[PDB]
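Side chains included, hydrogens not; waters and symmetry mates left out as well; all remaining heavy atoms used. Lettering follows sequence order; numbering is per chain, from 1.
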There are 2 protein chains.
Amino acid sequence: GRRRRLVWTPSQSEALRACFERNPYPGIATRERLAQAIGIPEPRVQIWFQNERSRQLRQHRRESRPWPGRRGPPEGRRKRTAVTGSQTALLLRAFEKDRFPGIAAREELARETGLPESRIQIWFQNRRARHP
Amino acid sequence: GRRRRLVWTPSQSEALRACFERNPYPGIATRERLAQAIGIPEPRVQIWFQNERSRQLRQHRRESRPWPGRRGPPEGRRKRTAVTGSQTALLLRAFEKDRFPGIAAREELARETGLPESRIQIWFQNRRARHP
DNA sequence: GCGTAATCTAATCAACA
DNA sequence: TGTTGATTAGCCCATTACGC
DNA sequence: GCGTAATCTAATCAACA
DNA sequence: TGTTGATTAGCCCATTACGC
């Protein structure tokens, strides 16, 4: 069971497109600034940019048009989430049970740990990658 | 269980390519003439030409080069196989049991009917298409 | 069924102990 | 420096499944 | 796993009753 | 003319699965 996909409003989609033309590699500050402007969580904005770039990369390559890329200084990343030893212990127990937690499983770990669900999702991605 | 694919010899592949450059839409006479020259049944030759054309069509389209097509008068088709009423009755019974007979099932129908297995395969193709 | 948000892997950047 | 959280790309014309 | 023979559908040509 | 045997093409850049 994956996350119930969300439906952008017309005005939300315009703000995403506009900010994407301004800079298609926004930092955490930009994303949070946009997230708060349009009323959806920053993790959703991050995903949209990742998908939009992938959509644009696929298109520029079909048009045989070169892809501009990272224009301007790279914006600041997210702060490296600090995860305590106990928080880790819960993820390890959740991981041996199910490597692929759904949105239901992830959202409960975010209660049992206090970690943002978005970060828990990334933790499992990295874990699955580094522990076959 | 599908037919055990066959492996062309180098000299067989050259004769196929050569005849394909001569005419990529050979009639039954040409195919049988080539089949007997290289030592594999005409149904195999027919399949090869059908696949080779499909391979060539996919390539010319990637190269943006136009596909020549049927050059010269169209060569004669195969004689419309005559199928008796009893032969049909066996195919209908085999069809209600299994719409997708394998090579094992088809090769036995060719004994129980006297029809070429290649024609039995075509019969099922047409039947499945016209009787959902 | 289409559009695409959600998801995934493999690699690489990069903070922190 | 190792570990691990963070970010990014993802590359083309029926489909299926065997022999090599 | 790659190359591709084997297979498939949907449509269309075409013989025969 | 209907039925059915015969022949041909097959159309593009991570994958999955939901909301519309």
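- Taking 3.5 Å as the limit, the base of D:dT3 and the side chain of A:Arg130 contain no donor-acceptor pair of atoms between them.
- Between A:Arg53 and the phosphate of C:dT4, there is no side-chain N or O to OP1/OP2 separation shorter than 4.0 Å.
- The environment of B:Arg62 atom CZ is dense: over 12 non-hydrogen atoms of other residues, nucleotides or ligands sit within 6.0 angstrom.
- A cation-pi geometry, defined here as NZ or CZ lying under 6.0 Å from the six-membered ring centre and within 45° of its normal, does not hold between A:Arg106 and A:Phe124.
- Across all strands, B:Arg106 comes closer than 4.0 Å only to sugar-phosphate atoms, never to a base (heavy-atom distances).
- Annotation: of the two residues near DNA chain C, A:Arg80 and A:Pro101, the 5′-most nearest-nucleotide partner is A:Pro101.
- In this structure, A:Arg70 reaches the sugar-phosphate backbone alone: every heavy-atom distance under 4.0 Å involves primed, P, OP1 or OP2 atoms, never a base.
- Between the base of C:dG3 and the side chain of A:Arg55 there is no donor-acceptor pair shorter than 3.5 Å.
- F:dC18 atom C1' lies 14 Å from atom CD1 of A:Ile103, rounded to whole Å.
- For the pair B:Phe49 CZ and E:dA6 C1', the computed distance is 17 Å after rounding to whole Å.
- With both atom-pair distances required to fall under 3.5 Å, no Watson-Crick or G-U wobble pair links C:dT12 to F:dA6.
- F:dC11 shows a glycosidic angle more than 90° from 0 and is accordingly assigned anti.
- A:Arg31 places a side-chain N or O within 3.5 Å of a backbone atom of A:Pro26 that can act as its donor or acceptor partner.
- Base contact: A:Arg61 has a heavy atom under 4.0 Å from a base atom.
- Nearer the 5' end of DNA chain D, as judged by each residue's closest nucleotide, is the contact made by A:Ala82, out of A:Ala82 and A:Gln50.
- A:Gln125 comes within contact range of at least one nucleobase, with a heavy-atom separation under 4.0 Å.
- Looking only at distances, a side-chain donor or acceptor of A:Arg128 sits under 3.5 Å from a matching main-chain atom of A:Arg99.
- Across all strands, B:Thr81 comes closer than 4.0 Å only to sugar-phosphate atoms, never to a base (heavy-atom distances).
- With DNA chain D read from its 5' end, the first of the two nearest nucleotides for A:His131 and A:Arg31 is the one closest to A:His131.
- Other residues, nucleotides and ligands contribute more than 12 heavy atoms inside 6.0 Å of the CZ atom of B:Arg70.
- A:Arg77 comes within 4.0 angstrom of a base, heavy atoms only.
- For E:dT7, its base never sits under 3.5 Å from the side chain of B:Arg3 at any donor and acceptor pair.
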